[PDB]
>>> print(open('work10.cif').read())   # mmCIF, C-alpha atoms
data_final
loop_
_atom_site.label_atom_id
_atom_site.label_comp_id
_atom_site.auth_asym_id
_atom_site.auth_seq_id
_atom_site.Cartn_x
_atom_site.Cartn_y
_atom_site.Cartn_z
CA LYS A 1 180.52 57.92 169.13
CA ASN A 2 183.04 59.42 166.67
CA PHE A 3 184.56 56.05 167.40
CA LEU A 4 183.12 53.62 164.81
CA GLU A 5 184.20 56.36 162.44
CA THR A 6 187.69 55.03 163.11
CA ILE A 7 187.14 51.44 161.96
CA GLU A 8 188.30 50.56 158.45
CA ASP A 9 185.50 48.07 157.91
CA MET A 10 182.08 49.28 156.74
CA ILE A 11 179.51 49.77 159.48
CA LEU A 12 175.72 50.20 159.16
CA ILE A 13 172.78 50.47 161.58
CA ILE A 14 169.66 49.26 159.74
CA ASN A 15 166.02 49.33 160.89
CA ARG A 16 163.36 46.66 160.41
CA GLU A 17 162.27 48.22 157.12
CA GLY A 18 165.70 48.19 155.53
CA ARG A 19 166.44 51.83 156.22
CA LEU A 20 169.95 53.04 157.13
CA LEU A 21 169.84 54.84 160.51
CA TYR A 22 173.58 55.20 160.37
CA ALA A 23 176.69 54.53 158.37
CA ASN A 24 180.28 55.59 158.82
CA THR A 25 182.94 57.23 156.67
CA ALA A 26 183.73 53.86 155.08
CA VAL A 27 180.39 52.99 153.42
CA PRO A 28 180.30 56.09 151.18
CA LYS A 29 184.00 55.78 150.41
CA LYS A 30 183.84 52.15 149.28
CA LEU A 31 180.41 52.48 147.60
CA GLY A 32 180.84 55.80 145.76
CA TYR A 33 177.59 57.05 147.27
CA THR A 34 177.24 59.94 149.67
CA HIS A 35 176.31 60.14 153.32
CA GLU A 36 173.44 62.35 152.25
CA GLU A 37 172.26 59.75 149.75
CA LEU A 38 172.97 56.58 151.72
CA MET A 39 170.89 57.95 154.61
CA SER A 40 167.86 57.91 152.29
CA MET A 41 168.37 54.65 150.45
CA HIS A 42 167.03 51.19 151.34
CA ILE A 43 169.57 48.47 152.21
CA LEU A 44 167.96 46.15 149.66
CA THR A 45 168.82 48.60 146.89
CA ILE A 46 172.56 48.18 147.60
CA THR A 47 172.25 44.44 148.09
CA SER A 48 169.25 42.82 146.41
CA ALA A 49 168.81 45.49 143.73
CA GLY A 50 167.65 42.70 141.45
CA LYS A 51 166.01 40.48 144.02
CA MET A 52 163.88 42.71 146.25
CA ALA A 53 161.62 39.91 147.47
CA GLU A 54 164.65 37.65 147.99
CA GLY A 55 166.47 40.26 150.02
CA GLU A 56 163.47 41.17 152.12
CA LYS A 57 163.04 37.56 153.26
CA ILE A 58 166.68 37.44 154.33
CA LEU A 59 166.50 40.80 156.11
CA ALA A 60 163.50 39.42 157.98
CA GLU A 61 165.63 36.42 158.94
CA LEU A 62 168.51 38.61 160.14
CA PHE A 63 165.97 40.20 162.47
CA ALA A 64 164.84 36.82 163.77
CA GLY A 65 168.25 35.34 164.51
CA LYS A 66 168.42 32.60 161.90
CA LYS A 67 171.75 34.15 160.77
CA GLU A 68 174.60 36.16 162.26
CA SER A 69 176.66 36.39 159.11
CA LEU A 70 176.22 36.27 155.34
CA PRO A 71 178.12 37.11 152.15
CA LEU A 72 177.10 40.18 150.14
CA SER A 73 177.55 41.96 146.82
CA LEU A 74 177.42 45.74 147.14
CA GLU A 75 176.47 47.54 143.93
CA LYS A 76 178.20 50.95 143.95
CA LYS A 77 176.71 54.14 142.47
CA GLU A 78 179.22 53.24 139.76
CA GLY A 79 177.28 50.04 139.07
CA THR A 80 179.97 47.43 139.74
CA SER A 81 179.49 45.12 142.73
CA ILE A 82 182.16 44.44 145.33
CA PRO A 83 181.97 41.08 147.09
CA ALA A 84 181.86 41.21 150.88
CA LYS A 85 180.91 39.53 154.13
CA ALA A 86 178.56 41.01 156.68
CA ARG A 87 178.62 40.33 160.40
CA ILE A 88 175.38 41.35 162.06
CA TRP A 89 174.20 41.98 165.62
CA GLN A 90 170.75 42.88 166.91
CA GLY A 91 170.33 46.01 168.97
CA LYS A 92 167.96 48.92 169.52
CA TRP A 93 167.75 52.38 168.01
CA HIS A 94 165.29 54.84 169.53
CA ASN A 95 163.81 51.91 171.40
CA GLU A 96 163.02 50.17 168.14
CA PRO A 97 164.72 46.99 166.77
CA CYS A 98 167.68 47.46 164.51
CA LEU A 99 170.55 45.48 162.96
CA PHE A 100 174.17 46.44 163.68
CA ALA A 101 176.42 45.37 160.81
CA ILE A 102 180.14 45.39 160.34
CA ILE A 103 180.94 44.51 156.74
CA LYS A 104 184.26 43.38 155.28
CA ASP A 105 185.31 44.02 151.68
CA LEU A 106 186.62 40.80 150.17
CA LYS B 1 177.85 55.06 172.27
CA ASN B 2 174.59 54.34 174.17
CA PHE B 3 173.81 52.15 171.20
CA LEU B 4 176.33 49.31 171.88
CA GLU B 5 174.81 49.03 175.38
CA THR B 6 171.83 47.52 173.50
CA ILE B 7 173.66 44.50 172.06
CA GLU B 8 173.48 41.22 173.98
CA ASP B 9 177.05 40.34 173.02
CA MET B 10 179.93 41.57 175.17
CA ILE B 11 181.71 44.59 173.75
CA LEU B 12 184.92 45.97 175.12
CA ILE B 13 187.33 48.56 173.83
CA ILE B 14 190.85 47.86 175.11
CA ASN B 15 194.07 49.84 174.70
CA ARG B 16 197.64 48.86 173.89
CA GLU B 17 198.32 48.17 177.59
CA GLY B 18 195.37 45.84 177.96
CA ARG B 19 193.21 48.18 179.99
CA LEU B 20 189.43 48.29 179.53
CA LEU B 21 188.55 51.66 178.03
CA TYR B 22 184.92 50.61 177.42
CA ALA B 23 182.51 47.79 178.28
CA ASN B 24 178.77 47.24 178.15
CA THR B 25 176.18 45.95 180.60
CA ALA B 26 176.68 42.57 178.91
CA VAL B 27 180.14 42.16 180.40
CA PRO B 28 179.27 42.78 184.06
CA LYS B 29 176.14 40.75 183.58
CA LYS B 30 177.86 37.65 182.04
CA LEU B 31 181.27 37.76 183.77
CA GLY B 32 179.95 38.37 187.28
CA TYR B 33 182.21 41.43 187.71
CA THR B 34 181.27 45.08 188.04
CA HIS B 35 181.77 48.09 185.77
CA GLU B 36 183.74 49.85 188.48
CA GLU B 37 185.88 46.76 188.96
CA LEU B 38 185.96 46.25 185.20
CA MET B 39 187.43 49.71 184.55
CA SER B 40 190.45 49.02 186.74
CA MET B 41 191.10 45.43 185.69
CA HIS B 42 193.47 44.31 182.94
CA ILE B 43 192.04 42.23 180.05
CA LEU B 44 194.55 39.45 180.68
CA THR B 45 193.12 38.96 184.19
CA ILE B 46 189.96 37.75 182.48
CA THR B 47 191.50 35.98 179.49
CA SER B 48 194.87 34.64 180.73
CA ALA B 49 194.69 34.37 184.56
CA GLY B 50 197.33 31.66 184.74
CA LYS B 51 199.26 32.52 181.60
CA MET B 52 200.03 36.28 181.52
CA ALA B 53 203.04 35.83 179.26
CA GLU B 54 201.30 33.87 176.52
CA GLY B 55 198.36 36.18 176.98
CA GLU B 56 200.59 39.23 176.71
CA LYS B 57 201.93 37.97 173.38
CA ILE B 58 198.56 37.28 171.75
CA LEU B 59 197.42 40.78 172.69
CA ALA B 60 200.64 41.92 171.06
CA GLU B 61 199.78 40.16 167.79
CA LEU B 62 196.17 41.41 167.83
CA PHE B 63 197.39 45.00 167.59
CA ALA B 64 199.91 44.04 164.89
CA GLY B 65 196.93 42.86 162.85
CA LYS B 66 197.86 39.21 163.11
CA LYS B 67 194.32 37.96 163.81
CA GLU B 68 190.73 39.16 163.38
CA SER B 69 189.11 36.66 165.77
CA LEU B 70 190.19 34.18 168.43
CA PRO B 71 188.46 31.81 170.82
CA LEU B 72 188.56 32.65 174.52
CA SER B 73 187.92 31.41 178.02
CA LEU B 74 186.43 34.20 180.06
CA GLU B 75 186.91 33.69 183.77
CA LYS B 76 183.91 34.82 185.78
CA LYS B 77 184.30 36.44 189.22
CA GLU B 78 183.05 33.02 190.24
CA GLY B 79 186.44 31.61 189.25
CA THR B 80 184.88 29.53 186.48
CA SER B 81 185.46 30.02 182.76
CA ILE B 82 183.12 30.22 179.79
CA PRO B 83 184.01 29.46 176.14
CA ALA B 84 183.83 32.52 173.93
CA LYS B 85 184.70 33.71 170.48
CA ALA B 86 185.89 37.26 170.08
CA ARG B 87 185.95 39.28 166.88
CA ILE B 88 188.25 42.29 166.93
CA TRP B 89 188.65 45.49 164.93
CA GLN B 90 191.48 47.97 165.19
CA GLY B 91 190.16 51.37 166.10
CA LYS B 92 191.32 54.40 168.12
CA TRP B 93 189.41 55.66 171.14
CA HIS B 94 190.14 59.30 171.15
CA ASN B 95 193.82 59.39 170.16
CA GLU B 96 195.62 56.05 170.66
CA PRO B 97 195.58 52.66 168.92
CA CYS B 98 193.21 50.23 170.63
CA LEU B 99 191.11 47.13 169.97
CA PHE B 100 187.34 47.01 169.45
CA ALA B 101 185.98 43.64 170.49
CA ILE B 102 182.60 41.98 170.21
CA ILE B 103 182.52 38.70 172.11
CA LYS B 104 180.10 35.78 171.61
CA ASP B 105 179.43 33.51 174.58
CA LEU B 106 179.82 30.01 173.11
CA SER B 107 177.85 28.38 175.97
#
>>> encode(input="work10.cif", output="structure tokens")
Amino acid sequence: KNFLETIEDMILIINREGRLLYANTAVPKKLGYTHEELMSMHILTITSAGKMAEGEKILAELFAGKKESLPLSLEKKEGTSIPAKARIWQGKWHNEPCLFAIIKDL
Amino acid sequence: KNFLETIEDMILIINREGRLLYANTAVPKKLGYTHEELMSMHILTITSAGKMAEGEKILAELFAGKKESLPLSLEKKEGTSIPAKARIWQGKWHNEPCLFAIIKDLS
């Protein structure tokens, strides 16, 4: 519960459409964005801001199983990207398929 | 959370003493042990059955921050072991330092 809130690494619950169903204290902190904002943004905006189609294909793959991990570049509200690595797990949110991701800032 | 329960990989939350604060259906299911049983057991009983001392040291390092992942041999109630890979994160349950682990069955 208020648990994940205690992990230093960034954590996100993402739905099949790329929407953030959850994020913890760390994502806003490291990205400059706000919990209010993040909860309304699309994951592709933070990651494939330039390559929407590219990112969508990958997201689709993360939902299949093809990959469990991948490197990322997180553009902050500031504009500058921070390199990172994402570890993802499949789970369910409200009985609908979602991705559980624990991301490490490199 | 009720969420974690929905991940096929084994997730445990274990304290400084090696006790199992939390575990998901995945653990009982894959290890052949029960949640009741599981809550009383010590992590080393599952990871280091014949080597408590070397197992007690690794656990020591894990909290120190030494490693972020290590391979494992999970011993099933059956008595048999399964190769696993565990990724760990340092969290805190309510108040005290503990380890958050997501374990992949490497079968």
>>> closest_atom_pairs(input="work10.cif", of="chain A", to="chain B", cutoff="7 Å", atoms="all atoms listed in the file", output="Markdown table")
| residue | atom | partner | partner_atom | distance |
| --- | --- | --- | --- | --- |
| A:1 | CA | B:1 | CA | 5.0 |
| A:3 | CA | B:93 | CA | 6.1 |
| A:6 | CA | B:91 | CA | 5.3 |
| A:7 | CA | B:91 | CA | 5.1 |
| A:89 | CA | B:7 | CA | 6.9 |
| A:90 | CA | B:7 | CA | 6.1 |
| A:91 | CA | B:7 | CA | 4.8 |
| A:92 | CA | B:6 | CA | 5.7 |
| A:93 | CA | B:3 | CA | 6.9 |
>>> write_last_selection(input="work10.cif", atoms="C-alpha atoms", output="compact mmCIF listing (two decimals), in the coordinates of the input")
# COMPACT_ATOMS: atom_id res chain seq x y z
CA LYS A 1 180.52 57.92 169.13
CA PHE A 3 184.56 56.05 167.40
CA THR A 6 187.69 55.03 163.11
CA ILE A 7 187.14 51.44 161.96
CA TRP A 89 174.20 41.98 165.62
CA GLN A 90 170.75 42.88 166.91
CA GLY A 91 170.33 46.01 168.97
CA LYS A 92 167.96 48.92 169.52
CA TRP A 93 167.75 52.38 168.01
>>> atom_distance(input="work10.cif", atom1="atom CA of residue B:25", atom2="atom CA of residue B:107")
18.2 Å
>>> residues_around(input="work10.cif", residues="stretch 32-41 of chain A", least_positions_apart="3", cutoff="9 Å", atoms="only C-alpha atoms", output="PyMOL selection string")
chain A and resi 18-25+27-29+44-46+76-78
>>> residues_near_point(input="work10.cif", point="(178.2, 30.3, 171.9)", cutoff="10 Å", atoms="all atoms listed in the file", output="list in words")
residues 82, 83, 84, 85, 103, 104, 105, 106 and 107 of chain B
>>> residues_near_point(input="work10.cif", point="(176.7, 44.6, 154.1)", cutoff="7 Å", atoms="only C-alpha atoms", output="list in words")
residues 72, 84, 85, 86, 101 and 103 of chain A
>>> residues_around(input="work10.cif", residues="residue B:50", least_positions_apart="4", cutoff="12 Å", atoms="all atoms listed in the file", output="PyMOL selection string")
chain B and resi 44-46+54-56+73+75+79
>>> write_last_selection(input="work10.cif", atoms="C-alpha atoms", output="mmCIF file, keeping the file's coordinate frame")
data_model
loop_
_atom_site.group_PDB
_atom_site.id
_atom_site.type_symbol
_atom_site.label_atom_id
_atom_site.label_comp_id
_atom_site.auth_asym_id
_atom_site.auth_seq_id
_atom_site.Cartn_x
_atom_site.Cartn_y
_atom_site.Cartn_z
ATOM 1 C CA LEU B 44 194.550 39.450 180.680
ATOM 2 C CA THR B 45 193.120 38.960 184.190
ATOM 3 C CA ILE B 46 189.960 37.750 182.480
ATOM 4 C CA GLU B 54 201.300 33.870 176.520
ATOM 5 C CA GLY B 55 198.360 36.180 176.980
ATOM 6 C CA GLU B 56 200.590 39.230 176.710
ATOM 7 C CA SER B 73 187.920 31.410 178.020
ATOM 8 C CA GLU B 75 186.910 33.690 183.770
ATOM 9 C CA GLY B 79 186.440 31.610 189.250
#
>>> closest_residue(input="work10.cif", among="B:81, B:28, B:86, B:52", to="residue B:67", atoms="all atoms listed in the file")
B:86
>>> closest_residue(input="work10.cif", among="B:70, B:14, B:58, B:20", to="residue B:35", atoms="only C-alpha atoms")
B:20
>>> atom_distance(input="work10.cif", atom1="atom CA of residue A:16", atom2="atom CA of residue A:102")
16.8 Å
>>> atom_distance(input="work10.cif", atom1="atom CA of residue A:106", atom2="atom CA of residue A:74")
10.9 Å
>>> resolve_selection(input="work10.cif", expression="the PyMOL selection byres ((chain A and resi 53-66) around 10)", output="list in words")
residues 14, 15, 16, 17, 18, 43, 44, 45, 47, 48, 49, 50, 51, 52, 67, 68, 69, 70, 88, 89, 90, 91, 97, 98 and 99 of chain A
>>> closest_residue(input="work10.cif", among="B:66, B:57, B:19, B:51", to="residue B:37", atoms="only C-alpha atoms")
B:19
>>> decode(input="work10.cif", residues="chain A", atoms="C-alpha atoms", output="short mmCIF file (atom, residue, chain, number, x, y, z; two decimals), in the first residue's frame")
data_model
loop_
_atom_site.label_atom_id
_atom_site.label_comp_id
_atom_site.auth_asym_id
_atom_site.auth_seq_id
_atom_site.Cartn_x
_atom_site.Cartn_y
_atom_site.Cartn_z
CA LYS A 1 0.00 0.00 0.00
CA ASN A 2 1.87 3.05 1.34
CA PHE A 3 4.66 0.57 0.86
CA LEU A 4 5.95 1.05 -2.72
CA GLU A 5 6.03 4.67 -1.62
CA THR A 6 9.10 3.61 0.33
CA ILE A 7 11.19 2.32 -2.59
CA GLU A 8 13.82 4.68 -4.00
CA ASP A 9 13.40 3.38 -7.53
CA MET A 10 10.62 4.77 -9.74
CA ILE A 11 7.47 2.68 -9.88
CA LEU A 12 4.56 2.89 -12.37
CA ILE A 13 1.38 0.90 -13.03
CA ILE A 14 0.46 1.38 -16.71
CA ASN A 15 -2.66 0.22 -18.57
CA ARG A 16 -2.89 -1.22 -22.08
CA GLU A 17 -3.39 2.25 -23.56
CA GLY A 18 -0.29 3.77 -22.03
CA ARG A 19 -2.10 5.47 -19.18
CA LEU A 20 -0.56 5.76 -15.69
CA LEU A 21 -2.91 4.14 -13.12
CA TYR A 22 -0.33 4.77 -10.46
CA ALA A 23 3.07 6.20 -9.70
CA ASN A 24 4.91 6.77 -6.47
CA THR A 25 6.70 9.67 -4.80
CA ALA A 26 9.80 8.98 -6.91
CA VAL A 27 8.46 9.51 -10.45
CA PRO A 28 7.42 13.14 -9.90
CA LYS A 29 10.58 13.87 -7.93
CA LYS A 30 12.97 12.56 -10.60
CA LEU A 31 10.89 13.82 -13.55
CA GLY A 32 9.95 17.32 -12.33
CA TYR A 33 6.31 16.61 -13.10
CA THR A 34 3.51 16.41 -10.57
CA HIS A 35 1.39 13.56 -9.32
CA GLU A 36 -1.60 15.51 -10.55
CA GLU A 37 -0.05 15.84 -14.00
CA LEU A 38 1.58 12.42 -14.31
CA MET A 39 -1.79 10.78 -13.56
CA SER A 40 -3.14 12.36 -16.76
CA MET A 41 -0.21 11.91 -19.12
CA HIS A 42 0.47 9.00 -21.51
CA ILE A 43 3.58 6.88 -20.86
CA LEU A 44 4.68 7.38 -24.48
CA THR A 45 4.90 11.13 -23.89
CA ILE A 46 7.61 10.60 -21.24
CA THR A 47 9.37 7.94 -23.28
CA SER A 48 8.72 8.06 -27.02
CA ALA A 49 7.83 11.76 -27.15
CA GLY A 50 9.42 11.81 -30.59
CA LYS A 51 8.57 8.30 -31.67
CA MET A 52 4.91 7.70 -30.80
CA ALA A 53 4.43 4.87 -33.28
CA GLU A 54 7.76 3.33 -32.23
CA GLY A 55 6.85 3.43 -28.56
CA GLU A 56 3.37 2.07 -29.07
CA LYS A 57 4.72 -1.04 -30.80
CA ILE A 58 7.07 -1.67 -27.88
CA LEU A 59 4.35 -1.08 -25.29
CA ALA A 60 2.26 -3.63 -27.17
CA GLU A 61 5.21 -6.03 -26.92
CA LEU A 62 5.61 -5.44 -23.17
CA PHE A 63 1.99 -6.53 -22.88
CA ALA A 64 2.64 -9.69 -24.88
CA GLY A 65 5.73 -10.90 -23.03
CA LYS A 66 8.37 -10.46 -25.69
CA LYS A 67 10.33 -8.37 -23.14
CA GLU A 68 10.72 -8.12 -19.37
CA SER A 69 13.23 -5.31 -19.38
CA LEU A 70 14.35 -2.42 -21.58
CA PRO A 71 16.41 0.77 -21.38
CA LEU A 72 14.63 4.14 -21.35
CA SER A 73 15.14 7.89 -21.68
CA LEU A 74 12.75 9.90 -19.53
CA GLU A 75 12.18 13.45 -20.73
CA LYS A 76 11.47 15.63 -17.67
CA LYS A 77 9.09 18.60 -17.64
CA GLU A 78 12.43 20.42 -17.75
CA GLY A 79 13.10 18.88 -21.17
CA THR A 80 16.33 16.99 -20.47
CA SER A 81 16.22 13.19 -20.61
CA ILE A 82 17.62 10.93 -17.91
CA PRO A 83 18.78 7.49 -19.04
CA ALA A 84 17.25 4.55 -17.20
CA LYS A 85 16.34 0.88 -17.20
CA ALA A 86 12.84 -0.44 -16.73
CA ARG A 87 11.93 -3.80 -15.26
CA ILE A 88 8.37 -4.77 -16.07
CA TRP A 89 5.84 -7.31 -14.79
CA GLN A 90 2.33 -8.06 -16.01
CA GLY A 91 -0.53 -7.86 -13.55
CA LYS A 92 -4.14 -6.74 -13.29
CA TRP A 93 -5.74 -3.46 -12.25
CA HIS A 94 -9.51 -3.39 -11.82
CA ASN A 95 -9.58 -6.76 -13.53
CA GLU A 96 -7.98 -5.27 -16.62
CA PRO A 97 -4.40 -5.97 -17.88
CA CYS A 98 -1.68 -3.65 -16.72
CA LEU A 99 2.12 -3.39 -16.62
CA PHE A 100 3.96 -3.08 -13.29
CA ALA A 101 7.26 -1.27 -13.76
CA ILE A 102 10.14 -0.59 -11.45
CA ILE A 103 12.54 1.80 -13.15
CA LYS A 104 16.16 2.55 -12.24
CA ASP A 105 17.86 5.88 -12.92
CA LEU A 106 21.23 5.24 -14.55
#
